[PDB]
Structures are given as structure tokens and as C-alpha cells.
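Some notes on the structure that comes next.
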There are 2 protein chains.
Amino acid sequence: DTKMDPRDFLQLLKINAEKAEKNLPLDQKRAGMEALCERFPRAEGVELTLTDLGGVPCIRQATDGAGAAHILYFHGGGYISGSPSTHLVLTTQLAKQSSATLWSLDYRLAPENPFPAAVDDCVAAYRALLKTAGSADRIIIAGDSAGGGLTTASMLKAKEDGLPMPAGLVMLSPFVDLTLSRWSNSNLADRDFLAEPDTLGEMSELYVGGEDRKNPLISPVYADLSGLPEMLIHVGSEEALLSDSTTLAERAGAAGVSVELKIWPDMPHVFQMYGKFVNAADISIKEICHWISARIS
Amino acid sequence: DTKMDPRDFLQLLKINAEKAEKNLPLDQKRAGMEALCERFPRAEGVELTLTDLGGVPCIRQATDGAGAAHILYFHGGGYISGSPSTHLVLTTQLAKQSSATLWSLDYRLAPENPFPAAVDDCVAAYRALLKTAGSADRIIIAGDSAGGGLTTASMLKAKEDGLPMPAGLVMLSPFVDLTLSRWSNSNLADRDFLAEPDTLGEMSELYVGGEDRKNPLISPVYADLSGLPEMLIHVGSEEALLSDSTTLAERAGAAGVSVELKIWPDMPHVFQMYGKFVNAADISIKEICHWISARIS
């Protein structure tokens, strides 16, 4: 089974970023993702049911053998784009390999629904999943990029709303500091062909709206993370957002949260989307599934 | 069998910190670390051979049942104290649970011998261990506090000098930024009743002494960390030097080094010393050994 050399795959990404249409209308940018991400391979045997959680739509994903494990999954794409469909590549492999039922949430997006819309849908969805699952102990919250951020932030809100914390949190290249100001944002920008460093400002500004970027529910790095459940963070080396993950780990760590972080050589932003090309991607996926399933009881 | 609640063990550490003499003579501090440490249990069946690696004294440690893996260990103590004997408690466990032969180096201390003495000793030992082990791929380099600093530093020098790289680096609460300036240094100071933030300043001067605190071989956080082998870092929440772990992870990952970092809730500096008292120490040791004994293949 054939793979790119990680470095050659960065060269492919570099080309893609170079040729990117600079001011792509957001609605065209969204259809472009839907169209490309459709040609990525879905995990065989994983069925997809179109449905809802607390009346927020989601695509539910499982084989014919799923145990009683559950994953609440929040796709990424900077709060302004992405949907469950784009992230099937990834979410169906997590479902299949965990033997869990994954619920991939279609949270309201910005700019048409600014913060706190997405955070509200996430908490609303978890509320409902507890009913369906029966216990918090059987739920992992999981997400990439903006969704990795949502995975902490929704859990900070739910805890304040008095809901029971779930079994663990999985973040892939979390986006958790929208000040965009730490070491990696200056020092690795030139290495990140996916994150959109040069625009992330207004990427974020659409979702932020009027709010404070250090609002703890916008940027969970500034929050009070105490009481949160076990975290697992995977981030690639080639990331403008690397310091978001080392900072999250630092601040959560200091708040008494168990934290496992793993940084992958030569991998780009949310490299787990690209198993077709790089073997690290499947290894990360498989590590994620081992962890999910070890502690979901 | 019996363990303390981690928060209770922290209170026991607070009390020792409160009621310790303000300026003990360093020969007495060393003598008294020695006397207290003889009290902690050592793994049953671990034979203690007094030997050398390339002229540097060491205690070699192993069971009768040991495979062909070697662990080259550097103890902590601020570059000014500690010894293979004081760490028997920790290293005999590393040896037994990893089926390895561990060589706990008696590298040279300061202020008798300042930077670069301990580094050249570590390198010399490694060089010598390459011949005894027959291959770099059966060696792990491990170490705590300054032992952790030197496990990085020694390999940077080993790399400069053209020596192959080992199968991996393990670091327990590594001391890797002698500038002492980062977030945990001030935030978490008062929660740290082992690393002794208030003295660490002038303590470590004995090692540096005229040298620059950002010498890559003194504070590897400032190094070109390219081409170093895979890293496993463990550390506790209650650590003035927590940002050493997260920061080394930042920079090592961005230099393209594999890095896995776990941070342990309510654990103090080098908690793996306290299996007798807290349960998380036995678990961390267990995981470290799994890590170790799975790179050897």
C-alpha cells in the first residue's frame, strides 16, 4: 500500500496553497471543500445515518458491531466552513476503529451565526447524547481545528451548566487562542500551507464578531480548565497552531487536567485527513482509537 | 496495598519544604539526600554492579532475566547533587519493568566541576556504551531534572561529534531552561515544594558560572534540536519547571523530533520517586517501560 514521503506531501500542499484563489467567496470555498472531500475514501462498512442531536443536525456513523461507545465529533475549518460531510474521511475511520457510534455535528457556522452559536449547538448536542447514551462515561468528545477548540469550550460551558463531564477529550491540532500571538504563529507560518495563517485574523473575526478574543469560550487557553476530563492532543510539526497545543497542554496541565500531547514530525495541520498519502495519519488515527476505547470503560 | 491521596502527599511535601534549614552546607545537603534516600525500597532481584563506562563511575543494574536493551541513566539534583545511589529507588524500577540493563551514571557535579564537565562525561559514557551494546538501537537515554537536561544536551554533543543516535530519549520533569523565566516558573512556584524555585536561581549558577545561560548545551530549549531521536517526556502539574516540558515539546516538535508528553495531575517534581506514597508513580514507570521496551524493535 503506497505512500508519499511526508516531505513530498508538504511540497504538494505548498503547491496547493500557492495556487489557491486569494479572495474566494466563502460560499464557493465551502462547495469546493464539499466537492474535493467527496473524492477522499470513506471507511468501508461504516453506515451513515442523517439525524439530529437536541435538534442540531448530525451524521451518525457506525459498523454493524459497534459496542456502546459514543463519540461527539466537531469537524473544523476555522468556524466559517467545513461540515460533517467534508470530514467523513476521518470521522468514519474513528468510528470503525473504535467500535463506537460517532455523531458528527453540524453546528451553526459564522459569519451568519457568530459566537456563541456553535458553542451553544455543541452543548445542546451533548445534553441530548447523554439521554441517548445513558452515561457520561461512555462518551468521548472529539474534534479537529476549530472543532478541537469547540471540544474544550463546549465542555467548559456544559460544566458551568452543571452537566456531568464525559470520559475524555480528543483534540487534533486544536485551535484555541484566537489572539494568534504565540511562538508558532510567527515562527512556523511559512511552513503551514493549510491553516491560512495570513488571514486567520479575519477567519476568526467572522466568528468572534463583537466579542473579546480572550473570551475563555472563544480561546480556551485563557479559561479555567480545572475539572475538565482527560485530554489527548495530536498536532503535526508543520503548524502555525503548534503553540496552541503546547499552550493548551501547559494551562490545562497546570489546572489539574490529565494531558497527553503527541507532536508528529513533518505533518501538517490536521494531518489525519490525509491517510491516503501519508502513513503517519493512520498511525495517529489508530493511536487515537486505542486511547478512546481503553478509557471508555 | 496502601497509598496517599495525591493532595495529602503534596501537603506532606509542603511541610518538609517549610521546615528545612535555610542554608544547608552543600556537602551536608548531599550527605542528607544520601541518608534519606537509602530508606526507599529498590526493586527485588535487581543486582547492583559497581562499574564504569569510559572512565566514568556507574552503577549497572539488572535482573538475571534481562534482555539485551541498555538504558543509560542520568540522575537529577540541579547539577549539584544526586548520585546513582540516591536514585536507586527510581532506576531499579526502570531496570526490572523494562528487562534492561540500566547504567546509572555518576557524572561529575558542580561547583567542583562546572559546565561542561557533566556533559563530557555523559558523552564519554555513551561512546563507551555504543561498544558494549554493539549498536545505538538498543540504547535509551533517560534522566530526571538535570538528568533530563543532560539526556538532551549529551545527544546534541554526541550528534556534533558524529556518534549515531539512540533508540529514544526519556525525560522525567526535565530541567532545560536555566533562565527560569517561563510561565510555570512564576505561576506555579508556590505549588512546587521540591524543585525549590526560590534557590534554583543561585543553585544552578554553580553549574553555569560565567557561561551563558542560553548556551544550547546548558539550556537545550535554546538549541537547534534537529535530528534528535524520539522523546517521551513525563511531568507533574505542581511544577515550577512545567513550562520546561511544554517548551521543549514546542521546540523539539518544530525541529521535527517525535515528542510525546504526558502531564500528571497533582504530581510533584520527579514523582516517579514516590511509588511508595502515590499510585501515579507506579503507573508512570509502567508506561515509560512500555515505551522503552517497544522501541527496542
Side-chain angles (χ1 to χ4, degrees), chain A residues 1-17 20 33 36-37 39-43 73-78 81-82 86-94 96-97 104 142-149 151 170-176 184-185 188-197 200 231-246 248-249 260-292, chain B residues 230-231 249-250 252-261:
Chain A
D1 220 68
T2 311
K3 304 296 183 197
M4 303 307 287
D5 214 285
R7 300 306 289 191
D8 310 338
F9 183 70
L10 300 164
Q11 192 77 173
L12 172 76
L13 293 182
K14 193 169 193 213
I15 293 158
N16 283 154
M33 288 166 209
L36 224 204
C37 278
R39 82 187 294 287
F40 281 75
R42 287 137 192 211
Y73 194 101
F74 316 154
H75 82 257
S81 79
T86 57
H87 288 236
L88 295 165
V89 207
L90 170 55
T91 62
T92 67
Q93 291 293 169
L94 294 167
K96 179 174 201 190
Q97 277 170 251
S104 191
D144 56 289
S145 202
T151 106
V170 178
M171 294 163 273
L172 281 55
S173 315
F175 177 26
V176 285
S184 66
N185 307 256
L188 303 173
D190 278 7
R191 276 213 233 172
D192 198 331
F193 308 123
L194 284 180
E196 228 94 298
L200 253 145
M231 288 174 171
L232 174 59
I233 308 173
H234 277 193
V235 62
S237 60
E238 297 309 290
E239 294 220 37
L241 301 186
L242 175 65
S243 314
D244 274 31
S245 296
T246 58
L248 222 216
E260 278 157 279
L261 214 201
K262 168 163 200 195
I263 315 180
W264 300 75
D266 299 323
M267 290 291 125
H269 193 66
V270 192
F271 71 94
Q272 291 91 348
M273 305 296 291
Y274 312 106
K276 201 179 166 200
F277 308 108
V278 289
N279 86 275
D282 285 316
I283 291 174
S284 166
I285 287 183
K286 163 175 135 274
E287 286 190 7
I288 282 150
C289 299
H290 179 76
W291 189 93
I292 273 175
Chain B
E230 43 200 322
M231 288 181 175
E250 190 171 77
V257 175
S258 179
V259 182
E260 318 177 46
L261 182 241

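Convention: sequence-line order gives letters A, B, ...; per-chain numbering from 1. Note: hydrogens, waters and symmetry copies are ignored here, and every other heavy atom, side chains too, is used.
- The line from CG of A:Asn185 to CG of A:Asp244 is 6.5 Å long, rounded to the nearest 0.5 Å.
- The distance from the SG atom of A:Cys289 to the NZ atom of A:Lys96 is 11.5 Å, given to the nearest 0.5 Å.
- Within 6.0 Å of atom CG in A:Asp8, more than 12 heavy atoms from other residues, nucleotides or ligands are found, so the atom counts as buried in its surroundings.
- Atom CD of residue A:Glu238 and atom CG of residue A:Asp190 lie 11.0 Å apart, to the nearest 0.5 angstrom.
- Of the possible donor and acceptor atoms, one in the side chain of A:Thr92 sits under 3.5 Å from a partner among the backbone N and O of A:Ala43.
- A:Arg7 is linked by a salt bridge (charged side-chain N to carboxylate O under 4.0 Å, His left out) to A:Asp266, counting only residues two or more places apart in sequence or in another chain.
- Across A:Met33 and A:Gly82, no two heavy atoms sit closer than the pair SD-N, 4.1 Å.
- Taking each heavy atom of A:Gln272 and A:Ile288 in turn, the nearest pair found is NE2-CD1, 4.2 Å.
- There is no side-chain donor-acceptor pair under 3.5 Å between A:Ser104 and A:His75.
- Distance OG/A:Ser173 to CG/A:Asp144: 7.5 Å, rounded to 0.5 Å.
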From CA spacing to verdict: side-chain contact (heavy atoms from CB on, under 4.5 Å), A:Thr246, B:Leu261: CA-CA 10 Å; A:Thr246 58; B:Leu261 182 241; over 6 Å; no

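- With rounding to the nearest 0.5 angstrom, the OG1 atom of A:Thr2 is 10.5 Å from the CG atom of A:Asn279.
- Nearest heavy-atom pair across A:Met4 and A:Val278 is O-CG1, 4.1 Å.
- Between A:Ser145 and A:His269 there is a side-chain heavy-atom pair separated by less than 4.5 Å.
- Side-chain contact check for A:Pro41 versus A:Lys276: some heavy-atom pair is nearer than 4.5 Å.
- Put simply, CZ on A:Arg191 and CD on A:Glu239 are 11.0 Å apart, with the number rounded to the nearest 0.5 Å.
- Applying the ring pair (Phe, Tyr, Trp, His ring centres under 6.0 Å) test to A:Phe271 and every residue at least two apart in sequence or in another chain returns A:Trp264.
- Closest approach of A:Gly148 to A:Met171, counting heavy atoms only: O-CG, 3.3 Å.
- Evaluated for a side-chain contact (heavy atoms from CB on, under 4.5 Å) with A:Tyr274, the options A:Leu90, A:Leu194, A:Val89 yield exactly one hit, A:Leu194.
- In plain terms, the two heavy atoms of A:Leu242 and A:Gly236 that are nearest each other are CD1-O, 3.7 Å.
- Counting heavy atoms from C-beta outward, A:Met273 and A:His87 have side chains that approach closer than 4.5 Å.
- Here the shortest heavy-atom pairing between A:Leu172 and A:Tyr73 reads CD2-OH, 4.3 Å.
- In terms of modelled atom types and a separation under 3.5 Å, the side chain of A:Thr86 and the main chain of A:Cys37 share no donor-acceptor contact.
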